[PDB]
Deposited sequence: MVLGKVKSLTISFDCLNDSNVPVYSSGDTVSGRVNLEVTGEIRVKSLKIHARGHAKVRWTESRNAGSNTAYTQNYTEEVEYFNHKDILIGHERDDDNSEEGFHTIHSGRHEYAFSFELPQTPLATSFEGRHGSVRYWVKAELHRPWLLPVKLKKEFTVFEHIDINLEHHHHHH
């Protein structure tokens, strides 16, 4: 069998922008011909900030992780032998972002803030296939409140 395509998509028009408290939902999309044996399909979602600065002249950098979510969508972490059959497969995933403040996605001279989901397809006697896809976070969008009578 052969993996013909492996992609990540985010469920939503515009591309979804996320913020504190939001659920990020998406899928790992896999197209296969024939059959393939897999150990696991894993996802790893992460948000982090990295910054750079100079001091009289020794250069420094600092990193902070905002969250780190891991999930096994197929198989088992041990290194299961699940079989993916001919056709198209969309493996759903979802996770919730922290409710506390999250820095806006950013790339600049002095540093960056990045959020992403990484998918890993692990197969017997083969190197993992790894794919990353960024998603955009805004610190401030629209705070939804509810009122009751």
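- When the deposited sequence is numbered from 1, the segments without any C-alpha atom are 1-3, 16-18, 63-71, 95-100, 171-173.
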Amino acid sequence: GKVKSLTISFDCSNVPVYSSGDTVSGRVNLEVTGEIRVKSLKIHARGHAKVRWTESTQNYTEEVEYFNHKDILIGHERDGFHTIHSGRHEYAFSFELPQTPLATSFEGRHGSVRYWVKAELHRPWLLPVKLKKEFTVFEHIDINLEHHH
From here on, numbers count along this sequence of modelled residues.
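- On average the C-alpha atoms of 80-88 have higher B-factors than those of the other stretch, with 94-102 and 80-88 being the two compared.
- As the entry records it, the average C-alpha temperature factor is higher for 108-116, out of 108-116 and 41-49.
- Per the deposited record, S13 carries the highest C-alpha B-factor of all listed residues (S13, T136, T23, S9).
- Ranked by C-alpha B-factor against the other modelled residues of its chain, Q58 falls in the highest third.
- When the modelled residues of the chain are ordered by their C-alpha B factor, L126 lands in the lowest third.
- Annotation for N29: CA B-factor lies in the lowest third of the chain's modelled residues.
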